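Engineer:
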Ligand SMILES: [Cl-]
Ligand SMILES: [Cl-]
Ligand SMILES: [Cl-]
Ligand SMILES: [Cl-]
Ligand SMILES: [Cl-]
Ligand SMILES: [Cl-]
Ligand SMILES: [K+]
Ligand SMILES: [K+]
């Protein structure tokens, strides 16, 4: 018997089984409703310091593989699930879940009532928690640790996940037939986009490349001056974990761009930053948006998009500066999902766009880029 | 394809497959003819800094188990074998050999011409060598380390495997039936024996207790003074790695006891020390003795014993002090195997004793400890 | 799981192919595949209690039969898949013959090994931890009973003893991201229960028929729905119990509380335990609920309408003849033969032509 | 591996039990169990090249026959085990029926898998790295050949091409701790060769007859020994090739050099290759060596004594009849029928009683 334990700030306990590394894990507890895509979720920087509970019971059915990695590493602090399948069964699998978790040193637990956990987070909002896996997991220790956890509110996580040096990215989307393509060459891409790495996902980058963009990935703190120096065709503000607010660095920089005529496009954290720099205010969500079936309305078009959400904070619509037009809202909860500057080539989206490869956001960005080079 | 490679000082190469930890290992390369007892060989301190090659092709047929560790840990530098079995198949097995090797982090290679290795070691003598288990093992590098290796000649290994602080040992020998017996009670043991941990094997200890010996396990350095300070019924000098010569610290000590009327019993390393302390000289063997089918004669009784051998150096018979009687000799090479002080209650044995439930030796010992208390 | 009726079709090719031959279907919900599958099995109304064996372990011919059943599927395949594991066949083995994904096979295999332990340890080895592990894997009391060599009630007793009962989760469309005001539930062995039964009213439970089959059609479902609509309108809290995905009775709108469950004693008893209803209708879902009537009553269930015993009075050919007699009514000449010659003799009495009912 | 003769025994219970029924035995030496085992298989003189199949993949009854053979061992169990794996039985399943330790069964299973890859890749998939791996698992040229659909010779050529040959280790009682002056060797696919043939003398190779069988006894072994002792005395360097553990022929004293190996074209050629003997006597070991005569010669082996063709002259019922004819001697009337009707006729000619030789 390989025991594991998960304990919530509030004292709630969940007894189960260890499936990952031995040890303990602490962080903010969230639930994600995605029925598929666990790997991508685990490896999404957007989950740093978070303990991920998946609502879908069998997690690990298709094992894992490199192509499904959203970053160079597992960002989830822990994984909490109802059942770990006996086998991974899929032509793409290269290593079962459990072995993967272990290789990445992730503390994971299985066999607990995820539904009860979900309903609790839903009802009472997120909570910090600690999972302990090993011989005789100490529930008090667990509880201590959970209670001691500082918490994501006011925590700058982007500086934690961002890259240390800047670098190129010219690799596009994966395909069934040929997997991940070779990285394109620079003369093979018309556009040059500077993308701020606030804990960016591989798939977004891949998308942009799909659209003609050579990317220069820059650290989160990178100055505006430093960047402008690069004569960027467009500026992209990635997705990323934690609170946007304490990102003094970014906001500053962004404001600069906003003086300029350079197209600016933001996703998730970027979107929050853009909003902050535009004078808007951000809030931290009861439990957030973590799933892949979230309905969002494009108000302009009056169409609904089924989206992927991975956020715990959000831009308050009520404090929206008037140079900020609302472009999209959540059909689940009425929260802000899109915005555009009425006075600048800058817009952003709360959810996480994906490749087909209708790409209206992306295409817009590209559109703005062109107009900009047309000038 | 998990490559590995072994290279000898001499430049000899052995290409195979990785079955242990990833990485490199270096030390003296020795060969062991034991067809059984691999776990026991791996966990024998006598192997520190030695890379172990096993003549018996299938290593790991019975997996592993704690009752089979001769010490707290695996002392062998690396493991070289011909074939790692598909499964372990024994009722006593708790963990396959490969998994065992990893957890203990042993660099190890399977599938090489162990016969080829054997003959070379036999013909040319022991050799330092390097195993490199990884993605693209570097031959030159491995050679580079191999050659660089300092070597065991003149190396004190005892001080590296001894214990920090002293301690009590009251555990007897294993039985199929009961297994590892609980640890006797101090008041349950007639005798008190002090044992110098020169990197001592668990079973030997077990064999003493078996004999009514309470045991005090001390560190290598340990002063005769401090020792005598415990009014011990007899002193026991354990088996251990490296060269005995450089262990100034004990020869000294020993010599103390050697003025005393306390009985002193030496095994392997401790048989060497005794020797030294009594004036004899020690040499380093061409290839040494490692396996369990070694014939040794009890000159006295004219009978032959099949023993277990784990040594690289011996005691030169030619340089014997009169007060040193030859009690045993190897029927394989006529080398020295046992001695007795003409003038003192001291004697030692080169080979390694084992329980049926050496008995002669062991019994003698006690019979000495006895005659000593009778006084 | 589809429901077949091949037994009613003499000369019919009974292998499964692209043209449907099933007459109905049963559905089940569980927190895990294993649980879900086994619950469906016991709710299939074919006499199964899970993976009950089709061929004997000593039949030297088994492997053959098994192979065949796997290679060219019939209505019985799922059971032969387990017997294959029991017989020594490998997961790859089974796969190559069936093309059923290993993901599913490994799970069936695991249930089998578990059944083996059960078998080995007997009831005595059924401690609370193990038993809970079994229940969580969806094992039925009945199936366990069989493996341990005891009656079903024995297993159930043991659970009572250990306070080992299921919880009820709700269907919500959203993995619990939003709350529900609807009471569409399924049982499982977990921590938290969402049944939250009302103490407020007088409850009426209606038992459906499970999957449809020939002779056990929508006609019964129709009746069951009607009982609910009527009694609800009349002000009762109506509880429906059924597991046929095709019907209106399994429509959440049809009743106050819906338990999408196997229509078995075990499952029905658990709900009753918690609902503590005022009455239970067993007369409208066909044979399925009918057959449960005595055991339910005996187990304390407030069965309403025509009593189990009265139903048995009518159903039982002997008990019955006696009524007919009693009332001095006209019944056709009958006999209860055991042996051939016996029947030839009695036949003579009765008079041809004859109706020979097993 | 024991050697049986049940075919000569009509009516005889052929299951193995506590009473011995074998007539001889064969021994093999390998660097690994698989090597060892497969070598023994190909030296058994029963027409096996390794784990040749006993039942068809497509036989519907194959699982059953396989089960019986497994549960109640016969001389052929070893083959049925491979067959079991082919058919999809699991290692645990085979274990349950045979009680053979899994450590062994797993190795057979691996063999079977590799076989399957061969079958799959064909002669083309036989790259040097793979071939080498197979040869180290004891795979015979002949066996791979059937799997790949080629002639054994093709495989042989293939290895030539790859400079893929075995090395020779020596027996020494002590795991190489001490040197040996004796030349008691066995083949393996490894790094170092210990053969060190002499360039010195004129070598004479004597081929033994493998395990003893009825009609192929010690009498031939007696001869083989004599050949050795004799020539050795005469001053030739004698080289014995045999793998029967019971005989004087396999005693290291009997000859200068002993190669404890399977008496097959394959194994012999490998020795010849390195020994390059003056001659090779194939007439003293009975049927085994006899049947290799042609092929050895054809391969350039220096066959001494009566020629392989000559032998063919006398063995060949027709070749012979002609020479008997030639010599004007007396042979019994004979005929070669194909058809029954054809026989009864010829029969009348020849005249009863009759000796019918298939
Ligand atoms: Cl739980
Ligand atoms: Cl790139
Ligand atoms: Cl090698
Ligand atoms: Cl248990
Ligand atoms: Cl018989
Ligand atoms: Cl290959
Ligand atoms: K649990
Ligand atoms: K009826």
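Chains as they are written, first to last, in full-length UniProt numbering: chain A, 2 to 358, 363 to 380; chain B, 2 to 358, 363 to 380; chain C, 359 to 716; chain D, 359 to 716. For each residue, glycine too, the CB sits at the ideal point set by N, CA and C.
(1) Looking at chain D, is there any beta carbon in it that lies within less than 8 angstroms of the beta carbon of residue 473 of chain C?
(2) Within the 8 angstroms Cβ cut-off, does residue 664 of chain D reach chain B?
(3) Is any heavy atom of ligand 4 found at a distance shorter than 7 angstroms from the C-beta of residue 497 of chain C?
(4) Assign residue 173 of chain B to one of three DSSP states: helix, strand, or coil.
(5) Please list the terminal residues of the continuous beta strand (DSSP E) segment that includes residue 565 of chain D.
(6) How would you write the range of the alpha helix (DSSP H) that residue 212 of chain B sits in, first residue to last?
(7) Pairing CB atoms from the segment 517 to 533 of chain D with CB atoms from the segment 652 to 665 of chain D, are three or more of them under 8 angstroms?
(8) Between residue 4 of chain A and the rest of its own chain, which residues show a CB-CB distance below 6 angstroms, the 5 nearest in sequence each way excluded?
(9) Return helix, strand or coil for residue 423 of chain C, following the three-state DSSP convention.
(10) Take residue 124 of chain A as the anchor and find which of C/421, C/535 and C/479 has the nearest alpha-carbon.
(11) Beta-carbon separation of residue 421 of chain C and residue 444 of chain C under 8 angstroms?
(12) Taking the Cβ atom as the reference point for each residue, do residue 51 of chain B and residue 70 of chain B lie within a distance shorter than 8 angstroms?
(13) For the beta strand (DSSP E) that residue 339 of chain A lies in, which residues bound it at each end?
(14) Suppose you measure from the CA of residue 520 of chain D to the CA of residue 513 of chain D; what does that come to, to the nearest Å?
(15) Please list, in chain order, the residues of the segment 84 to 96 of chain A that have any C-beta partner in chain C closer than 9 angstroms.
(16) Could you work out which residue in A/26, A/105, A/308 and A/165 is closest to residue 222 of chain A when comparing CA atoms only?
(17) Drop a sphere of 10 angstroms on the beta-carbon of residue 686 of chain D, count the other beta-carbons inside from all chains shown, and report buried for 16 or more, exposed for fewer.
(18) DSSP three-state label for residue 710 of chain C, please.
(19) Tell me whether residue 350 of chain B, by its Cβ, gets closer than 7 angstroms to a heavy atom of ligand 6.
(20) What residues of chain A sit near residue 390 of chain C, judged by a beta carbon separation below 9 angstroms?
(21) So, does the CB of residue 62 of chain B fall closer than 8 angstroms to a CB anywhere in chain D?
(22) Are there 16 or more other CB atoms within 10 angstroms of the CB of residue 378 of chain C, so buried, or fewer, so exposed?
(23) Relative to the alpha-carbon of residue 541 of chain C, which residue among C/550, C/526, C/400 and C/480 has its alpha-carbon at the smallest distance?
(24) Measuring CB atoms only, is the segment 610 to 626 of chain C touching the segment 475 to 492 of chain C, in the sense that at least three cross pairs come out at less than 8 angstroms?
(25) Can a CB atom of chain D be found closer than 8 angstroms to the CB of residue 448 of chain C?
(26) Looking at C-beta atoms only, is the number of pairs between the segment 394 to 410 of chain C and the segment 342 to 358 of chain B that lie closer than 8 angstroms three or more?
(27) Give every residue of the same chain whose Cβ lies closer than 6 angstroms to the Cβ of residue 193 of chain B, excluding the five residues on either side of it in the sequence, and list them in chain order.
(28) So, is residue 391 of chain C buried or exposed, given that buried needs 16 or more other C-beta atoms within 10 angstroms?
(29) Tell me which same chain residues have a C-beta within less than 8 angstroms of the C-beta of residue 552 of chain C, skipping the five on either side of it?
(30) Does any residue of chain D bring its CB to less than 8 angstroms from the CB of residue 469 of chain C?
(31) Using CA coordinates, which residue listed in D/523, D/574 and D/375 is at the minimum distance from residue 643 of chain D?
(32) Does the beta carbon of residue 117 of chain A come closer than 8 angstroms to any beta carbon on chain C?
(33) Quick one: is the Cβ of residue 480 of chain C within less than 7 angstroms of any heavy atom of ligand 4?
(34) Are there any heavy atoms of ligand 3 lying less than 7 angstroms away from the beta-carbon of residue 367 of chain D, as far as the coordinates show?
(35) Identify, in the order they occur along the chain, each residue of the same chain with its Cβ nearer than 7 angstroms to the Cβ of residue 326 of chain A, setting aside the five sequence neighbours on each side.
(36) Less than 8 angstroms between the CB atoms is what I'm expecting for residue 307 of chain A and residue 322 of chain A, so what's the real figure, rounded?
Structural biologist: Reading it off the structure:
(1) Your numbering for residue 473 of chain C matches position 115 in the third chain. Output row for residue 473 of chain C: interface = no.
(2) Counting from one through the fourth chain, the residue named residue 664 of chain D turns up at place 306. Closer than 8 angstroms: no.
(3) For this step, residue 497 of chain C is matched to residue 139 along the third chain. No, Cβ of residue 497 of chain C sits at least 7 angstroms from all heavy atoms of ligand 4.
(4) Looking up residue 173 of chain B in the second chain gives position 172. Residue 173 of chain B falls in the coil class under three-state DSSP.
(5) Here residue 565 of chain D refers to the residue found at position 207 when the fourth chain is read from its first residue. Looking at the DSSP string, the run of the beta strand (DSSP E) that includes residue 565 of chain D is 561 to 565.
(6) Stepping through the second chain from its first residue, residue 212 of chain B is reached at position 211. Element bounds for residue 212 of chain B: n/a, residue is neither H nor E.
(7) no
(8) Mapped onto the first chain, residue 4 of chain A falls at position 3. Closer than 6 angstroms at the Cβ level, and outside the excluded window around residue 4 of chain A, lie 138.
(9) For the purposes of this step, residue 423 of chain C is identified with residue 65 of the third chain, where counting begins at 1. Correct three-state label for residue 423 of chain C: helix.
(10) Taking the first chain and counting its residues from 1, one reaches residue 124 of chain A at position 123. Selected option, being the one with the closest Cα: C/535.
(11) Here the question's residue 421 of chain C lines up with position 63 in the third chain. Here the question's residue 444 of chain C lines up with position 86 in the third chain. No. Outside cutoff.
(12) Stepping through the second chain from its first residue, residue 51 of chain B is reached at position 50. Stepping through the second chain from its first residue, residue 70 of chain B is reached at position 69. In this structure, residue 51 of chain B keeps its C-beta atom at 8 angstroms or more from the C-beta atom of residue 70 of chain B.
(13) Within the first chain, residue 339 of chain A is the residue found at index 338, counting from 1. Here the beta strand (DSSP E) through residue 339 of chain A covers 337 to 342.
(14) Counting from 1 along the fourth chain, the entry for residue 520 of chain D is found at position 162. Counting from 1 along the fourth chain, the entry for residue 513 of chain D is found at position 155. Going by the C-alpha atoms only, they are around 11 angstroms apart.
(15) 84, 86, 87, 88, 89, 90 and 91
(16) Translated into positions along the first chain, residue 222 of chain A becomes position 221. Among A/26, A/105, A/308 and A/165, the Cα nearest to that of residue 222 of chain A is on A/165.
(17) Position 328 of the fourth chain holds residue 686 of chain D. It counts as exposed.
(18) As a working mapping, residue 710 of chain C is identified with position 352 in the third chain. Coil.
(19) As a working note, residue 350 of chain B is residue 349 in the second chain. Incorrect: residue 350 of chain B has no Cβ contact closer than 7 angstroms to ligand 6.
(20) Walking along the third chain from the start, residue 390 of chain C turns up at place 32. Per Cβ cutoff of 9 angstroms: 58, 59, 83 and 84.
(21) Numbered from 1 along the second chain, position 61 holds the residue referred to as residue 62 of chain B. Closer than 8 angstroms: yes.
(22) Numbered from its first residue, the third chain carries residue 378 of chain C at position 20. Counting Cβ neighbours within 10 Å, residue 378 of chain C comes out exposed, since fewer than 16 surround it.
(23) Residue numbering aside, residue 541 of chain C sits at position 183 when the third chain is read from its first letter. Comparing Cα positions, the closest option is C/526.
(24) no
(25) By one-based count along the third chain, residue 448 of chain C stands at place 90. Residue 448 of chain C counts as touching chain D.
(26) no
(27) Working through the second chain from its first residue, we reach residue 193 of chain B at position 192. 215, 233 and 234.
(28) For this step, residue 391 of chain C is matched to residue 33 along the third chain. Buried, by the Cβ-count rule.
(29) As a working mapping, residue 552 of chain C is identified with position 194 in the third chain. Counting only Cβ-Cβ distances below 8 angstroms, and skipping sequence neighbours, we find 525, 526, 527, 528 and 543.
(30) As a first step, residue 469 of chain C is located in the third chain; it is residue number 111 there, counting from the start. By this cut-off, residue 469 of chain C is not an interface position.
(31) One-based indexing of the fourth chain puts residue 643 of chain D at position 285. Measuring from the Cα of residue 643 of chain D, the nearest candidate turns out to be D/574.
(32) Sequence index remark: in the first chain, residue 117 of chain A carries index 116 (1-based). Interface with chain C (8 angstroms Cβ-Cβ cutoff): residue 117 of chain A is included.
(33) The residue you call residue 480 of chain C lines up with position 122 of the third chain. Because no heavy atom of ligand 4 lies under 7 angstroms away, the Cβ of residue 480 of chain C does not count as near it: no.
(34) The residue labelled residue 367 of chain D in the question sits at position 9 within the fourth chain. The nearest non-hydrogen atom of ligand 3 is 7 angstroms or more from the C-beta of residue 367 of chain D.
(35) On the first chain, position 325 is the one that residue 326 of chain A refers to. Once the five neighbours on either side are set aside, the close Cβ partners of residue 326 of chain A are 340, 341 and 343.
(36) As a working mapping, residue 307 of chain A is identified with position 306 in the first chain. As a working mapping, residue 322 of chain A is identified with position 321 in the first chain. Wrong, their Cβ atoms sit about 30 angstroms apart, outside the cutoff.
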